[PDB]
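Visitor: quick one, structure for this:
(3 chains)
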Amino acid sequence: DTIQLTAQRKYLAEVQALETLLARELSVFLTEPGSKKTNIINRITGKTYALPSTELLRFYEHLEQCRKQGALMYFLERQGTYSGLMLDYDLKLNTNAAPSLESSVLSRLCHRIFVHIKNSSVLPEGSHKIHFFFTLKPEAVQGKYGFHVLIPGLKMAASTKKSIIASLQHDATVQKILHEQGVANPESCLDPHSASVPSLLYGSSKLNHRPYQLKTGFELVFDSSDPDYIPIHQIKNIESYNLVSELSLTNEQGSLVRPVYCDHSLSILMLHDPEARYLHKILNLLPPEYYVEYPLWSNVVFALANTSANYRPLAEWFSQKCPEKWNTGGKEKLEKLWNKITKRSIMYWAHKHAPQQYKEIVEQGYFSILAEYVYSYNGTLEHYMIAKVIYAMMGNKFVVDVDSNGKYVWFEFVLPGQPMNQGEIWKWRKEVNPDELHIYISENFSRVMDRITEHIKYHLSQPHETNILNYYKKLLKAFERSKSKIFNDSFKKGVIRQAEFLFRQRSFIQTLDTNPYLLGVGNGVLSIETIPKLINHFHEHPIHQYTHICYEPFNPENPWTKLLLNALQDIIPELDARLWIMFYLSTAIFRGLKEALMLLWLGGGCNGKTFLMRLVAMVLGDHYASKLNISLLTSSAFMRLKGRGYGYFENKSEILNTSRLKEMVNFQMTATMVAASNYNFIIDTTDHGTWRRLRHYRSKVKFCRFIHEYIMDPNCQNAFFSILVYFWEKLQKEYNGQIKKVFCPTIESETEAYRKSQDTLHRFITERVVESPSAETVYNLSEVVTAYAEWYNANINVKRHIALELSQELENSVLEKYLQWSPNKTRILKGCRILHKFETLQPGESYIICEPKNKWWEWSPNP
Amino acid sequence: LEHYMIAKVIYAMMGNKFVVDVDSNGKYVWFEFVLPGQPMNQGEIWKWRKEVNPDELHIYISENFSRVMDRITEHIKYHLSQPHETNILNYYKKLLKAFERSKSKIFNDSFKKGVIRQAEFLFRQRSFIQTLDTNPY
Amino acid sequence: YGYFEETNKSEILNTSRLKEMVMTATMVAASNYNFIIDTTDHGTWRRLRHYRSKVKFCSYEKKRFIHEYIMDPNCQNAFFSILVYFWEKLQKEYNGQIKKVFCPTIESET
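Guide: Numbering: from 1, shown residues only, chains lettered A, B, ... in the order given. And now the structure:
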């Protein structure tokens, strides 16, 4: 309808003139909805007006000139307490044939109506003229007919009109007259509401309804002297009169007709927003459970709220779709929820539930928009027009953001059924050129071009006035001139360049792959925000990075699951050590904040530890897992940790720089770090902070298809991924995801033994120093420094010791919990004792694995 | 209508939101005053952001300038409607045909780029980048 | 603000670096042990302030700040309010002059 409204509001100079006049001075006459000053209602613009008679004449003059050209108009006039009379007779026809209703029958009906008026009313005494009009429906639909009777000249009250209307319902003469015309129910022909509803201005109609066409008009002249003399004559030459002005009930300045004195907020939102209208058109496509079920309804209201802040009336209306759930929740919960997903999700759901209605609605929208541009500029198309119609057409598949290099970059949302790389589904991919947007413009857009071609051809076929046909002929000509340009390479490139602005979504790059709880996998996107899910459908999550492994839920009965579990148990038979190692490695898939822990995992070779590390690296992929050179530790490469989740190392007795390790375990550090070797490293430091975050463990079992083939096996990688995510979930449920809380006595003992064997201070503290609550002797930083000096000289090697440096080392060592500030502002030893040569521990002085019957990987209910 | 014409009209129309000044690199740079109700990053409100290309201006010429073109359209159409002397009516019809011939060009990409380049001089505000962020208070 | 945010043991010597310290940013250095250089108390050393922390978290022993409260936007807003408030107080009292504020403990430790 709006397309015809468009066409009719250009080539029809009169329509444009009327709209301009209404907009430029009749807007100052606007009235707020519900005001009684309303007399003219625009059923299109939804605006009500209050016109003075002087400007009312010009308006009626504009309404007459527009009407004669066949324009479709939907005006209404407000009839109130004191106005003219109107009668509606919606005849119900027994047969499809339209009754003739010759002029004599109409004259008889007018006589009968005036008889009823005379009986049931009080009229002024003297000579008066009463004008009658009979507007008839142009064609009888499915045995349904009707006509209107208008009496603008008479002026009575609403009570008088109601009394007259009730009186006519009992008129035997009119009933019998309608009887032979084929009326099923003559008594129900009259509308009792005819005195209440505002009536259509002449020439108007209802939506998808033809206007009532004037059949003939009768003139009646009555006098008080001879009440029984009723002259009736047809009005001659009616077509030369301002029919809209004459037929206006409220108008009092008619040339012929003379005065004989005897909720809106939702509509405003819909009419002021085409996009809201489109949403309403597609919201009815949703299944009934999307407003009664709280999760779906909450998702919908959240999507509306995120879409914009003025969609409240739609949120009210959609929540109001169920009476009981509007009250069992609803009318208050809507306020709460109003106070991540957008229209794309609703759009996809509408496609999923009602695909064919979805398709029809979207194609009609494309046609309407594209034709609105065509109608707006005489069929000449430029780059921005097609850019906007493409954005409206495939705005849910591309996003453009300016990268760090200042160049616009096109991203595609990969859907099943398109050529792609392996592991590239349900994600975003970088494209140097929107190749699919180049093919789509040429192919799929041509369909919308065609639809308008047949639209214009059909309008040419219809019988119109000669100027309309000529104008359509010119419009079509310009259109095929403009049609072939979508195949021109320069035109297409320009359209892409213009569309780079519409498809621009700011902050896509910096919001890309930021979530550590989402992971890109071969079959889709993995989710670990809640325990337990795989996203393998349309979604708004901005995922670009991905790894080629497909993810499956944990299936213990899988042969690869059992094989990998057996290899794991063989490699690390200790329950505590295996559980701790697996929970630590389960964080490798996690790309968020870490606990600042690093491991020096030693081994005797051919123990499978390198196999395990290689398996983890290949499963996580090069995007998330990286190899780190050991040469950095013995000394650009720092940047390799960006966005990763796993790091590893793979000669004899390397020297480890304490500064490199201190800087490593400090963009942010979001990678799990492990050091693997066959020779024990040498650590040249004594600070407790560096050592406490370090671990040492040695592989012992030696093995005497896995190494070269099963690691390449995709099924093995998938099963290992299930294993790894299952340990991560188990660790999160049990210990709130904390790796320090897992008890590993073997690993802890090995780490302590390695630390004592490498650091002299720690072994000195654990051997020659014993905590004693009784012995609180003041081992001042100085004294204890000296005792270490003789300890080192008499146990390891003779060397020159400095009190200051040893005191500083002791400050940050494990003893720091026992050092307290003396009142003399000097560091002293409190609650501790020193063992001298050949000294043993005194009383009260202390030095400073349930194997499951079931499977170890199984859920152990022993917290 | 040619590039400088629409450039001046746009400068009058949105001269309160964009500033152009050439940096030390010898290239003109666009700045935009961010207002509430627009897409932006966090904390980018009521502040000037460096734009590689004036996407807002490009869209603005297509949408908001179209309103003024439309208003001139019904203005000249109204003068057509009124009874005038024949030569005046012919003049107005010729001006119309010209108007519509030149009307669609605001959607053309090359025309839009030319208008932007021409307006780069009108929007120029010397010493802006040097005085940018200079106040310590 | 420029933070020298970490160290290993005693800091290195800094005579040429302090000649450079003698610029629109506040400076601070966060070692656990003493620096290998210092100067005359009215020569280049006049600009060095020293202070050593006393309390220990485990009146010098006390019982989420590092990993949770640090990233809360409201916490950062509150700390910004604290900073601007203290700036206002210093400006109103000492007219923005930092030497006029009496710090006997810092002076003594320095």
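
Visitor: from residue A:811, how far off is the closest residue to chain A within chain C?
Guide: For chain C, the residue closest to chain A is residue C:33, as judged by Cβ to the nearest Cβ, at 4.6 Å. C-beta here means a position set from N, CA and C on the backbone, and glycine is covered the same way. Shown here: residue C:33 relative to residue A:811, a distance of 7 Å by Cβ to Cβ, to the nearest Å.

Visitor: next one: residue C:57
Guide: Residue C:57 sits 16 Å away from residue A:811, going by Cβ to Cβ.

Visitor: try residue A:267
Guide: 77 Å.

Visitor: with neighbour numbers in mind, choose between these two.
Guide: Between residue A:267 and residue A:811, residue A:811 has the larger neighbour count (other Cβ atoms under 10 Å in any protein chain shown), namely 17 against 12.

Visitor: touching, the more buried one and residue C:32? I think so.
Guide: Yes. Because the distance of 7.3 Å satisfies Cβ atoms under 8 Å, residue A:811 is recorded as touching residue C:32.

Visitor: which strand or helix spans residue A:606?
Guide: Take DSSP states H and E as the rule and residue A:606 turns out to sit in neither a helix nor a strand.

Visitor: which residues of chain A lie near chain C?
Guide: A:593, A:658-659, A:662, A:666, A:685, A:687, A:805, A:808-809, A:811-812, A:816-817, A:820-821 (Cβ under 8 Å from any Cβ of the partner chain).

Visitor: just the buried members of those?
Guide: A:658, A:662, A:685, A:687, A:808, A:809, A:811, A:812, A:821 (16 or more other Cβ atoms under 10 Å in any protein chain shown).

Visitor: centroid-nearest residue for the chain?
Guide: Since you didn't name a chain, this refers to chain A. The geometric centre of chain A, computed from its C-alpha atoms, lies nearest to residue A:342 (Cα atoms, centre = their mean), at 1.1 Å.

Visitor: you looked at the wrong chain, it should be chain C
Guide: Relative to the mean C-alpha position of chain C, the nearest C-alpha, by Cα atoms, centre = their mean, is the one of residue C:28, at 4.9 Å.

Visitor: that residue - nearest residue in space that isn't next to it in sequence?
Guide: Nearest residue to residue C:28, sequence neighbours excluded (Cβ to Cβ, 6 or more residues apart in numbering or on different chains): residue C:3, at 5.7 Å.

Visitor: residue contacts, that neighbour?
Guide: Shown here is residue C:3, whose contacts under the criterion Cβ atoms under 8 Å, 6 or more residues apart in numbering or on different chains are C:28, C:29, C:30.

Visitor: tell me if I'm right that the first one and residue C:48 touch.
Guide: Which is residue C:28. No. Counting by Cβ under 8 Å, residue C:28 sits too far from residue C:48 to count as a contact (11.9 Å).

Visitor: which strand or helix spans the residue nearest to residue A:227 when sequence neighbours are not counted?
Guide: Taking Cβ to Cβ, 6+ apart, and ignoring the residues beside it in sequence, residue A:227 has residue A:118 as its nearest neighbour in space, at 7.0 Å. Using DSSP H and E, the element containing residue A:118 is helix A:103-119.

Visitor: helix/strand/coil for the residue nearest to the centre of chain C?
Guide: strand (DSSP: H, G, I helix; E, B strand; the rest coil).

Visitor: how about the residues of chain A that lie near chain B?
Guide: Taking Cβ under 8 Å from any Cβ as the measure of proximity, chain A contacts chain B at A:13, A:16-17, A:20, A:377-378, A:380, A:382-385, A:402, A:406, A:494-495, A:497-498, A:501-502, A:504-507, A:510.

Visitor: quick one on the thing from earlier: out of the residues of chain A next to chain C, which are inside helices?
Guide: Cross-referencing the residues of chain A next to chain C with the helices (criterion: DSSP state H) gives A:658, A:659, A:662, A:805, A:808, A:809, A:811 as the overlap.

Visitor: how close does the second one get to residue C:32?
Guide: What it means is residue A:659. Residue A:659 sits 14 Å away from residue C:32, taking Cβ to Cβ as the criterion.
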